[PDB]
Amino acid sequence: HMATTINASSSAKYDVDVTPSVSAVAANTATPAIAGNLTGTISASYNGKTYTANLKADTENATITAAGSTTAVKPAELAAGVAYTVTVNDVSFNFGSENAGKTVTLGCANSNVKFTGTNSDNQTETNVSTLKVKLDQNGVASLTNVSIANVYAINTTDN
């Protein structure tokens, strides 16, 4: 509990900074034609530490739509030059038993990112920039979704 070590390392509207990472690759038509693909992760920082988000499903944990459309797009059919919105469902952060019952606010500097879930006052918020949540008895935060708009599928670099 003593403090005898020189240190000098120095630690908004939110205190959990959520950074989604999406990598979409466009399909190519015929060389044999190549299917598109989509992968990614969601990470967060809280009290100087970084966490990786857990998803309820290994597969089918997200949905792609073209901007101004509600039709589901298979990752195999992604095209370049199309602004996509990726919605990731049943996203959780495990902030550990030491953070159990705490209230934290999730946010994101990137205006293309929005949250859907239950806030700390037990109200449903839909497509919001920031969300105040109550961590459960294990320190876990739960979101209905994270959405990322203006996702562009790149021309494959396998050439």
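In case it trips you up, residue 1 is the first one in the sequence shown, and so on.
Gap check for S11 to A12: 4 to 9 deposited residues are absent from the model.
Gap check for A30 to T31: 1 to 3 deposited residues are absent from the model. Stretch comparison (31 to 39 versus 89 to 97) by mean CA B-factor in the PDB entry places 31 to 39 on top. Sorting the modelled residues of the chain by their CA temperature factor places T50 in the lowest third. Ranked against the other modelled residues of its chain, the C-alpha B-factor of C108 as given in the entry falls in the highest third. Per-chain ranking of the deposited C-alpha B factor places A66 in the middle third.
Ranked against the other modelled residues of its chain, the C-alpha B-factor of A79 as given in the entry falls in the middle third. Annotation for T5: CA B-factor lies in the middle third of the chain's modelled residues.
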